[PDB]
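Note: the block below is model34.cif and it holds mmCIF, C-alpha atoms and all ligand atoms.
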```cif
data_target
loop_
_atom_site.label_atom_id
_atom_site.label_comp_id
_atom_site.auth_asym_id
_atom_site.auth_seq_id
_atom_site.Cartn_x
_atom_site.Cartn_y
_atom_site.Cartn_z
CA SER A 1 24.62 -71.99 113.63
CA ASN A 2 25.02 -69.71 110.62
CA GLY A 3 24.82 -71.15 107.10
CA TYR A 4 25.13 -67.66 105.63
CA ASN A 5 28.48 -66.96 107.30
CA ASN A 6 29.68 -70.51 108.14
CA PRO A 7 29.05 -72.77 105.14
CA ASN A 8 30.06 -76.44 105.23
CA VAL A 9 33.20 -77.63 103.46
CA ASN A 10 32.88 -80.15 100.60
CA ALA A 11 35.10 -82.94 99.23
CA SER A 12 37.12 -80.39 97.22
CA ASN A 13 37.81 -78.52 100.49
CA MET A 14 35.73 -75.57 99.26
CA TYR A 15 32.62 -73.88 100.69
CA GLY A 16 29.41 -75.51 99.58
CA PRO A 17 26.60 -73.60 97.91
CA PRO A 18 23.11 -74.04 99.49
CA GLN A 19 21.86 -77.66 99.40
CA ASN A 20 19.04 -76.61 97.10
CA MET A 21 20.07 -73.74 94.92
CA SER A 22 17.66 -72.08 92.48
CA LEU A 23 18.36 -70.41 89.14
CA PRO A 24 17.67 -66.67 89.11
CA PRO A 25 13.94 -66.04 88.60
CA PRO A 26 12.64 -65.26 85.09
CA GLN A 27 9.85 -62.98 86.36
CA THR A 28 10.28 -59.23 86.71
CA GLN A 29 11.32 -58.45 90.28
CA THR A 30 10.30 -55.39 92.28
CA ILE A 31 11.74 -53.42 95.17
CA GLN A 32 9.40 -52.81 98.10
CA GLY A 33 8.16 -49.27 98.67
CA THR A 34 9.03 -48.05 95.18
CA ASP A 35 8.37 -48.54 91.46
CA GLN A 36 11.74 -49.77 90.21
CA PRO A 37 11.50 -53.16 88.50
CA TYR A 38 14.53 -55.23 87.54
CA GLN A 39 15.02 -58.62 85.95
CA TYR A 40 17.75 -61.23 86.28
CA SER A 41 19.12 -62.44 82.97
CA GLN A 42 18.72 -66.12 82.12
CA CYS A 43 21.93 -65.81 80.08
CA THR A 44 20.36 -67.78 77.22
CA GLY A 45 20.96 -65.04 74.66
CA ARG A 46 23.97 -63.51 72.95
CA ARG A 47 27.28 -63.68 74.83
CA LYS A 48 29.79 -60.90 74.17
CA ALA A 49 32.95 -59.88 76.02
CA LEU A 50 35.29 -56.90 76.25
CA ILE A 51 38.62 -57.81 77.84
CA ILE A 52 41.25 -55.15 78.50
CA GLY A 53 44.77 -55.71 79.77
CA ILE A 54 47.31 -52.91 79.98
CA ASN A 55 50.96 -53.26 81.01
CA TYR A 56 52.04 -49.71 80.04
CA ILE A 57 55.14 -51.20 78.42
CA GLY A 58 58.07 -48.79 78.39
CA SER A 59 56.57 -46.38 80.91
CA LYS A 60 57.71 -45.47 84.44
CA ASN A 61 55.01 -47.69 85.95
CA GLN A 62 55.00 -50.67 83.66
CA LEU A 63 53.00 -53.55 85.14
CA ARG A 64 53.95 -57.23 84.82
CA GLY A 65 50.83 -59.40 84.55
CA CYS A 66 47.81 -57.44 83.29
CA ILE A 67 48.10 -58.57 79.69
CA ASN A 68 48.43 -62.13 81.03
CA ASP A 69 45.26 -61.56 83.15
CA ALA A 70 43.45 -60.58 79.94
CA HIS A 71 44.65 -63.68 78.13
CA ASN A 72 43.56 -65.84 81.11
CA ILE A 73 40.06 -64.43 81.00
CA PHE A 74 39.88 -64.83 77.21
CA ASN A 75 40.88 -68.52 77.52
CA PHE A 76 38.45 -69.10 80.41
CA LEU A 77 35.47 -67.54 78.64
CA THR A 78 36.01 -68.98 75.17
CA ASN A 79 36.72 -72.46 76.36
CA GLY A 80 34.23 -72.71 79.21
CA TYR A 81 31.34 -70.35 78.74
CA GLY A 82 30.33 -70.06 75.11
CA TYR A 83 31.93 -66.72 74.30
CA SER A 84 32.88 -66.99 70.63
CA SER A 85 36.09 -65.25 69.51
CA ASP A 86 34.10 -63.24 66.94
CA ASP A 87 32.10 -61.95 69.92
CA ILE A 88 35.09 -60.86 72.00
CA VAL A 89 37.10 -57.68 71.75
CA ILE A 90 40.41 -57.99 73.55
CA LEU A 91 42.52 -54.84 73.94
CA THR A 92 46.13 -55.20 75.04
CA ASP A 93 49.23 -53.03 74.57
CA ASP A 94 51.81 -55.63 73.46
CA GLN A 95 50.32 -56.76 70.17
CA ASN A 96 50.60 -55.47 66.63
CA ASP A 97 47.11 -54.28 65.57
CA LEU A 98 46.50 -50.58 66.40
CA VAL A 99 42.71 -50.98 66.60
CA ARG A 100 43.22 -53.46 69.47
CA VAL A 101 45.50 -51.14 71.50
CA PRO A 102 43.81 -49.94 74.73
CA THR A 103 44.03 -46.25 73.95
CA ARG A 104 41.28 -44.14 75.48
CA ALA A 105 39.42 -43.85 72.17
CA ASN A 106 39.57 -47.58 71.47
CA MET A 107 38.39 -48.34 75.01
CA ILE A 108 35.43 -45.99 74.79
CA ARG A 109 34.49 -47.38 71.38
CA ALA A 110 34.76 -50.97 72.65
CA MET A 111 32.58 -50.13 75.67
CA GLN A 112 29.91 -48.81 73.31
CA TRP A 113 30.26 -51.90 71.16
CA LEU A 114 29.81 -54.23 74.14
CA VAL A 115 26.34 -53.03 75.12
CA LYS A 116 25.05 -51.98 71.69
CA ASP A 117 21.69 -53.58 70.82
CA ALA A 118 21.81 -55.76 73.94
CA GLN A 119 18.60 -57.77 74.39
CA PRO A 120 16.99 -59.22 77.54
CA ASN A 121 18.70 -62.50 78.52
CA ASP A 122 21.93 -61.59 76.75
CA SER A 123 25.14 -62.06 78.76
CA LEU A 124 27.85 -59.40 78.46
CA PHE A 125 31.22 -59.68 80.20
CA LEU A 126 33.75 -56.92 80.92
CA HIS A 127 37.24 -57.52 82.28
CA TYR A 128 39.83 -54.87 83.10
CA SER A 129 43.37 -55.26 84.38
CA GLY A 130 45.60 -52.15 84.50
CA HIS A 131 46.08 -49.07 86.68
CA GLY A 132 43.14 -47.96 88.78
CA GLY A 133 42.86 -44.96 91.06
CA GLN A 134 40.50 -42.81 93.06
CA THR A 135 40.23 -39.04 92.64
CA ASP A 136 35.50 -41.00 91.84
CA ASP A 137 37.14 -44.27 90.85
CA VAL A 138 38.91 -44.17 87.47
CA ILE A 139 40.81 -46.37 85.04
CA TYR A 140 43.83 -45.47 82.93
CA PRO A 141 44.07 -46.08 79.16
CA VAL A 142 47.57 -46.64 77.81
CA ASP A 143 47.63 -43.05 76.54
CA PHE A 144 46.36 -41.51 79.80
CA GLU A 145 49.29 -39.07 80.01
CA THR A 146 47.81 -37.11 77.09
CA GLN A 147 44.14 -38.15 77.03
CA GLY A 148 43.43 -38.64 80.73
CA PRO A 149 41.53 -41.43 82.53
CA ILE A 150 38.04 -42.80 82.05
CA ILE A 151 36.00 -41.98 85.15
CA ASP A 152 33.29 -44.05 86.84
CA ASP A 153 30.38 -41.78 85.84
CA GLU A 154 31.27 -42.14 82.16
CA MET A 155 31.57 -45.92 82.38
CA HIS A 156 28.17 -46.02 84.09
CA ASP A 157 26.70 -43.76 81.37
CA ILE A 158 28.09 -45.88 78.52
CA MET A 159 27.64 -49.41 79.86
CA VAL A 160 24.94 -49.41 82.52
CA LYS A 161 22.52 -46.59 81.66
CA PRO A 162 21.42 -47.88 78.19
CA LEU A 163 20.87 -51.51 79.27
CA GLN A 164 17.36 -52.93 78.81
CA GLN A 165 15.60 -54.85 81.54
CA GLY A 166 17.04 -58.35 81.93
CA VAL A 167 20.38 -57.81 80.17
CA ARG A 168 23.31 -59.25 82.17
CA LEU A 169 26.55 -57.34 82.41
CA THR A 170 29.15 -59.22 84.50
CA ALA A 171 32.23 -57.13 85.21
CA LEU A 172 35.53 -58.26 86.70
CA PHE A 173 38.11 -55.70 87.81
CA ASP A 174 41.69 -56.74 88.66
CA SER A 175 42.69 -53.13 89.21
CA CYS A 176 43.13 -51.44 92.59
CA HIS A 177 40.62 -48.90 93.93
CA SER A 178 37.91 -50.03 91.53
CA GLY A 179 35.18 -50.84 94.06
CA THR A 180 32.80 -48.11 92.90
CA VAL A 181 33.98 -47.89 89.30
CA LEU A 182 30.50 -48.57 87.84
CA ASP A 183 28.64 -46.43 90.43
CA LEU A 184 26.53 -49.44 91.46
CA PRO A 185 24.29 -48.87 94.51
CA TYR A 186 24.43 -52.35 96.16
CA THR A 187 27.56 -53.94 97.64
CA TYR A 188 27.94 -57.43 99.16
CA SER A 189 30.87 -58.98 101.04
CA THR A 190 31.33 -62.50 102.36
CA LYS A 191 29.76 -61.30 105.59
CA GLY A 192 26.63 -59.72 104.09
CA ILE A 193 25.27 -56.50 102.66
CA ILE A 194 27.70 -53.66 103.24
CA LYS A 195 26.03 -51.03 101.05
CA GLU A 196 22.50 -50.39 99.79
CA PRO A 197 20.33 -47.38 98.92
CA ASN A 198 18.55 -45.68 101.82
CA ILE A 199 15.21 -44.66 100.32
CA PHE A 200 17.45 -47.42 89.21
CA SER A 201 18.45 -49.71 86.34
CA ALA A 202 16.14 -52.57 85.41
CA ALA A 203 19.11 -54.45 83.96
CA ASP A 204 21.15 -57.16 85.67
CA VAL A 205 24.58 -55.66 86.38
CA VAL A 206 26.99 -57.40 88.74
CA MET A 207 30.64 -56.71 89.34
CA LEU A 208 33.55 -58.29 91.24
CA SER A 209 36.51 -56.30 92.54
CA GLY A 210 39.12 -56.51 95.28
CA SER A 211 40.02 -54.27 98.20
CA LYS A 212 43.21 -54.49 100.29
CA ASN A 213 52.40 -59.83 90.06
CA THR A 214 49.00 -60.97 88.75
CA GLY A 215 45.28 -60.11 88.88
CA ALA A 216 43.97 -61.34 92.22
CA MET A 217 40.30 -61.27 91.27
CA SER A 218 40.64 -63.08 87.93
CA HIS A 219 43.02 -65.60 89.54
CA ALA A 220 40.51 -66.43 92.27
CA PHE A 221 37.46 -66.35 89.98
CA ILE A 222 39.03 -68.63 87.35
CA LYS A 223 40.36 -71.14 89.88
CA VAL A 224 37.11 -71.40 91.82
CA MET A 225 34.94 -71.70 88.70
CA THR A 226 37.33 -74.19 87.07
CA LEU A 227 37.43 -76.53 90.07
CA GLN A 228 33.84 -76.18 91.30
CA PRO A 229 31.60 -74.59 88.64
CA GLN A 230 28.48 -74.79 90.84
CA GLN A 231 28.36 -71.67 93.02
CA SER A 232 25.87 -69.24 94.48
CA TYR A 233 26.77 -65.54 94.49
CA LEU A 234 27.70 -65.91 98.16
CA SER A 235 29.61 -69.17 97.84
CA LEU A 236 31.53 -67.73 94.89
CA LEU A 237 32.57 -64.79 97.07
CA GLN A 238 33.44 -67.06 100.02
CA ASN A 239 35.50 -69.43 97.88
CA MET A 240 37.33 -66.60 96.14
CA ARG A 241 38.19 -65.16 99.55
CA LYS A 242 39.36 -68.62 100.63
CA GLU A 243 41.61 -68.90 97.57
CA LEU A 244 43.08 -65.43 98.14
CA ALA A 245 43.76 -65.84 101.87
CA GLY A 246 47.42 -65.83 102.90
CA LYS A 247 48.83 -65.25 99.42
CA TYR A 248 46.92 -62.10 98.45
CA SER A 249 46.13 -59.00 100.49
CA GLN A 250 42.75 -58.58 98.78
CA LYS A 251 39.17 -59.44 99.68
CA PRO A 252 36.52 -59.82 97.00
CA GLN A 253 33.34 -57.76 96.90
CA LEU A 254 30.25 -58.01 94.72
CA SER A 255 28.43 -54.86 93.58
CA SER A 256 25.11 -54.79 91.79
CA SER A 257 22.52 -52.55 90.15
CA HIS A 258 19.77 -54.39 92.06
CA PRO A 259 19.29 -56.37 95.26
CA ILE A 260 20.75 -59.85 94.94
CA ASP A 261 19.40 -63.03 96.51
CA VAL A 262 22.91 -64.25 97.22
CA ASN A 263 21.77 -67.85 97.53
CA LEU A 264 20.80 -67.98 93.85
CA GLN A 265 23.12 -69.82 91.49
CA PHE A 266 25.76 -67.66 89.83
CA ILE A 267 25.41 -68.16 86.06
CA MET A 268 27.01 -66.49 83.00
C1 LIG A 301 50.60 -52.15 70.88
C2 LIG A 301 51.46 -51.02 70.35
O1 LIG A 301 52.82 -51.37 70.69
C3 LIG A 301 51.11 -49.68 71.07
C4 LIG A 301 50.60 -48.56 70.39
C5 LIG A 301 50.27 -47.35 71.01
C6 LIG A 301 50.44 -47.21 72.39
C7 LIG A 301 50.94 -48.30 73.10
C8 LIG A 301 51.26 -49.50 72.45
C9 LIG A 301 51.34 -50.86 68.81
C10 LIG A 301 50.33 -51.49 68.06
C11 LIG A 301 50.20 -51.32 66.67
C12 LIG A 301 51.09 -50.49 65.98
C13 LIG A 301 52.10 -49.85 66.71
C14 LIG A 301 52.22 -50.04 68.09
#
```

Go ahead and express the file in the form of structure tokens.
Ligand SMILES: CC(O)(c1ccccc1)c1ccccc1
Amino acid sequence: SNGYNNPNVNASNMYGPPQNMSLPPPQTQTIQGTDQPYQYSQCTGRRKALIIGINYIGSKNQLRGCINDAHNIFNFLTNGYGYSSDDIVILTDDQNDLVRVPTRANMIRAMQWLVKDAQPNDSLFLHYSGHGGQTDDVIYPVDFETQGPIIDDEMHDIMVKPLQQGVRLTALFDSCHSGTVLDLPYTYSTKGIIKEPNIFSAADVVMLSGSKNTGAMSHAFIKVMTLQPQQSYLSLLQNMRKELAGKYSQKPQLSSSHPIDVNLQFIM
């Protein structure tokens, strides 16, 4: 009998969250044996999103569905989750406004914009679909041939390092080899903790990515949250894995800047 690993199946044929699921606690949390507080966001504040989809149109490794992944996430967030269009920057390489092209400079600037002046209980969302690689994990702006990639340490320095206690950053990567792209120290799978520090931000950073067309992670995330919006961190992972099974060769993982009580409700 294992309700962690073997959850019951509900009327929608999906894995059920815990019978009694709590919202993340408002109080400052601490880690035992050290002085490193953190705080879950209540997500009652400002909601902003940066969404990036790159197809590398015209190049030798043009991709087919990344721009579409970006549009899917834009639609999902604006229509479901209170992200206003004035509060979203979407960068894609098939449209006609240069300042919205995902060049390296525009991406870096947008990353700075996303987290600028972020207050406790704000909810920030980052989505990336394009080429990913490991050298460090890195991502590839449309002009990477001349400007190079953006590496994990820089993305951590721009988007994680400045965050105040209790600011949520939720990140969703559809790219390959992006599991450590924000240098986060905790990693969770459907089967439990798979990485944690052996001994830190006080913010609330969580990220979803896949490990071994269209974006598998955004596909799974959007379908699960559309059909059954009530999920814990763990049941969200389990249900995404269930949706991906057979069709996709990817399994979802959750990384975080702090320990997660995976039975808490996943909110945004
Ligand atoms: C998206 C766009 O095709 C582009 C520009 C630069 C690199 C890749 C793609 C564009 C946008 C505005 C003006 C010119 C070209």

Review point. Pick the closest to residue 236 (chain A) from A:117, A:8, A:92, A:16: which is it, counting only C-alpha atoms?
Key: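 Distance minimum relative to residue 236 (chain A) lands on A:16.
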
Considering only C-alpha atoms and all ligand atoms, tabulate each residue of chain A that lies at most 10 Å from ligand LIG 301 (chain A) along with its nearest interatomic pair and the corresponding distance in Å to one decimal; arrange the rows by chain and ascending residue number and present them as a tab-separated table.
```
residue	atom	partner	partner_atom	distance
A:54	CA	A:LIG301	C7	9.0
A:55	CA	A:LIG301	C7	9.3
A:56	CA	A:LIG301	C7	7.2
A:57	CA	A:LIG301	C8	7.3
A:58	CA	A:LIG301	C7	8.9
A:59	CA	A:LIG301	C7	9.8
A:91	CA	A:LIG301	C1	9.0
A:92	CA	A:LIG301	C1	6.8
A:93	CA	A:LIG301	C1	4.0
A:94	CA	A:LIG301	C1	4.5
A:95	CA	A:LIG301	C1	4.7
A:96	CA	A:LIG301	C11	4.2
A:97	CA	A:LIG301	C11	4.4
A:98	CA	A:LIG301	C11	3.8
A:99	CA	A:LIG301	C11	7.5
A:100	CA	A:LIG301	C10	7.5
A:101	CA	A:LIG301	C1	5.2
A:102	CA	A:LIG301	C7	7.5
A:103	CA	A:LIG301	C6	6.7
A:141	CA	A:LIG301	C6	9.4
A:142	CA	A:LIG301	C7	6.0
A:143	CA	A:LIG301	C6	6.5
```

Exercise for review: Find the residue from A:245, A:186, A:159, A:25 that sits nearest to residue 109 (chain A); use all atoms listed in the file when measuring.
Suggested key: A:159

Check your understanding: In Å to one decimal, how far is CA of residue 167 (chain A) from CA of residue 122 (chain A)?
Key ->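 Between CA of residue 122 (chain A) and CA of residue 167 (chain A) the gap works out to 5.3 Å.
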
Exercise for review: Neighbourhood query: residues within 10 Å of (36.9, -66.9, 102.7), file coordinates, counting all atoms listed in the file; return as a list in words.
Suggested key: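 Returned residue set, sorted by chain then number, is residues 5, 6, 14, 15, 190, 191, 235, 236, 237, 238, 239, 240, 241, 242, 243, 244, 245, 251 and 252 of chain A.
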
Practice item. State, in Å with one decimal place, the distance from CA of residue 111 (chain A) to CA of residue 68 (chain A). Key: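 Here the two named atoms are 20.6 Å from each other.
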
Practice item. Can you work out which one of A:86, A:136, A:261, A:174 has the shortest atom-to-atom distance to residue 221 (chain A), counting all atoms listed in the file? Key: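 Answer, going by the shortest atom-to-atom distance: A:174.
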
Exercise for review: Find the distance between CA of residue 184 (chain A) and CA of residue 130 (chain A) and write it in Å to one decimal.
Suggested key: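 For CA of residue 184 (chain A) relative to CA of residue 130 (chain A), the distance reads 20.5 Å.
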
Practice item. Just the residues within 9 Å of region 247-249 of chain A, please, counting all atoms listed in the file, with nothing from its chain fewer than 4 positions along; format it as an MDAnalysis selection string. Key: chainID A and resid 211:212 216 243

Exercise for review: Using all atoms listed in the file, pick whichever of A:66, A:52, A:208, A:264 has the shortest atom-to-atom distance to residue 22 (chain A).
Suggested key: A:264

Review point. Counting only C-alpha atoms, which of A:45, A:82, A:17, A:197 gets nearest to residue 119 (chain A)?
Key: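 Closest residue, counting only C-alpha atoms: A:45.
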
Point to revise | Neighbour list for residue 209 (chain A) as a PyMOL selection string, cut-off 6 Å, only C-alpha atoms, skip fewer than 5 positions in-chain | key: chain A and resi 173+179+252-253

Check your understanding: Smallest atom-to-atom distance to residue 151 (chain A): which of A:219, A:104, A:195, A:258, using only C-alpha atoms?
Key ->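 Of the candidates, the smallest distance to residue 151 (chain A) is held by A:104.
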
Check your understanding: Hey, can you pull every residue with an atom no more than 8 Å from (34.3, -43.4, 84.4), using all atoms listed in the file, and send it as a ChimeraX atom specification?
Key -> /A:136-139,149-156,181-182

Using only C-alpha atoms, which residues of region 109-128 of chain A come within 12 Å of region 199-203 of chain A, and what is the closest atom pair for each, with the distance in Å to one decimal? Give it as JSON lines, sorted by chain and residue number.
```
{"residue": "A:115", "atom": "CA", "partner": "A:203", "partner_atom": "CA", "distance": 11.5}
{"residue": "A:118", "atom": "CA", "partner": "A:203", "partner_atom": "CA", "distance": 10.5}
{"residue": "A:119", "atom": "CA", "partner": "A:203", "partner_atom": "CA", "distance": 10.1}
{"residue": "A:120", "atom": "CA", "partner": "A:203", "partner_atom": "CA", "distance": 8.3}
{"residue": "A:121", "atom": "CA", "partner": "A:203", "partner_atom": "CA", "distance": 9.7}
{"residue": "A:122", "atom": "CA", "partner": "A:203", "partner_atom": "CA", "distance": 10.5}
{"residue": "A:123", "atom": "CA", "partner": "A:203", "partner_atom": "CA", "distance": 11.0}
{"residue": "A:124", "atom": "CA", "partner": "A:203", "partner_atom": "CA", "distance": 11.5}
```
